[PDB]
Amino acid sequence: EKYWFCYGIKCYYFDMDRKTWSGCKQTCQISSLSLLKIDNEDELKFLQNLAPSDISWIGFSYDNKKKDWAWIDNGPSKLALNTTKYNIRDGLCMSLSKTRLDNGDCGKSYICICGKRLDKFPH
């Protein structure tokens, strides 16, 4: 209906204009958003429930300092972490299949999931 949607306390915007990962991110930031941080399942689950088939860019990648993977946020979320399925051999940055999520080439261009948290109350 729209390319925006709220669930529960967060909202969501999907910029259908495919981009890199780097790309997607700087772009959520431009307008106060942020490359979607997932907090659990209820969010995994129904998130991919309806995505467009086209993959997309979510704020998880390989941080070096950490020399590990990470949320644009630097904070755990409850979500099954299988981080070991992944090689630097494939790619680095994290996308979101309709199926499940893989990594790979931050240069590969998909859509973004920019997310927000709606505290306060829409008026």
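Position 1 is the first residue in the sequence shown; the rest follow in order.
When 27-35 is weighed against 75-83, 75-83 comes out higher, by mean CA B-factor as recorded in the entry. Per the PDB record, of the two stretches 10-18 and 99-107, 99-107 carries the greater mean B-factor over its C-alpha atoms. For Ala51, the recorded CA B-factor ranks within the highest third of the chain. Only modelled residues enter the ranking. Per-chain ranking of the deposited C-alpha B factor places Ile58 in the lowest third.
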